[PDB]
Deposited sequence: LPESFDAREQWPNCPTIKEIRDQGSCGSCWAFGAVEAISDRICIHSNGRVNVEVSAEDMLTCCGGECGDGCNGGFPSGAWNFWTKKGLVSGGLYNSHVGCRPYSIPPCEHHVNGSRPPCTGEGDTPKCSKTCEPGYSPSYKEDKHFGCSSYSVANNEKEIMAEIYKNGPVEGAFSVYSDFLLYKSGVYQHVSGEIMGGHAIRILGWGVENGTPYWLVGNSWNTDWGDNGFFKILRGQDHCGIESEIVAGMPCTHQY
């Protein structure tokens, strides 16, 4: 394996790999990390570009994935993809795809032009219909996964998985000091625990001798390093290597 790897550069024909979404005032990171990586993998393994609907995942999976805006289980999300499939759907108010995200973007622990996020957000309804004007039908717009698996808490295996099959979804414990991240390799040193957080790992590297994972957060682009962040790699820091999940698209 190379010392560094950036899925954005390795798969130039898959722009979803470079995009950063906004989960809004809803604890739907479990769903976002999943649909983002799935969007990447659909492009990687069928090179078609599709913005997989975070809305479809968040609202229609149900108990199998957890509790909607109240948090969920990443591996459960990839299972839904293989069982029920996922329709397309872009950013809030984009009118892109079958089911665009219905929760407004907001400021995540930063100041900006958008309204500040409010932890309190309800899970939208599971509507099995597409926005007006979009074709095909909800059922016909479903994209299915053909496998859903968990990658071992092993740095090399995780790197190999990414290197070969594309970005994966992961999760780690968020402490308050992470909220103010701007640059460099994040290492937890202080702050009360905020809870678990699911994200998308799309690569790795070494900064000033410090090995790290290249991660895409779902708190919009004005948070962190243009929406991305780097976190210590190799020591299961904050459990970043403990809950890696992925899957492969059908044909």
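In this chain the deposited sequence has gaps in the coordinates at 48 to 49, 254 to 256, listed in sequence order.
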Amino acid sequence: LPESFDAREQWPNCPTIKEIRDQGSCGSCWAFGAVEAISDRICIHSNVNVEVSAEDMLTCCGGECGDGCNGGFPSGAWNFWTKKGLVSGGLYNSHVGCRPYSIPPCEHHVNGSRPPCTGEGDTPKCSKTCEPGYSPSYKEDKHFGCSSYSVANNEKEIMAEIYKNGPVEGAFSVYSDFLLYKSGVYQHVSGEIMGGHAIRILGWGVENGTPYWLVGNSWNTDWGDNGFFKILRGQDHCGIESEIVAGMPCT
From here on, numbers count along this sequence of modelled residues.
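Remark: stretch with higher mean C-alpha B factor among 108 to 116 and 147 to 155 is 108 to 116. The mean Cα B-factor in the deposited entry runs higher for 210 to 218 than for the other of 32 to 40 and 210 to 218. Taking the PDB entry at face value, the top CA B factor among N165, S135, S88, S75 belongs to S135. Across the options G97, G170, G121, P124, the residue with the most elevated CA B-factor in the record is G121. Per the deposited record, the Cα B-factor of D67 falls in the middle third when ranked against the other modelled residues of its chain. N226: CA B factor in the middle third of modelled residues in this chain (values from the PDB entry). Among the modelled residues of the chain, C26 sits in the middle third by CA temperature factor in this PDB entry. Placement of the Cα temperature factor of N13 within the chain: middle third of the modelled residues, per the deposited record. Ranked by C-alpha B-factor against the other modelled residues of its chain, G203 falls in the lowest third.
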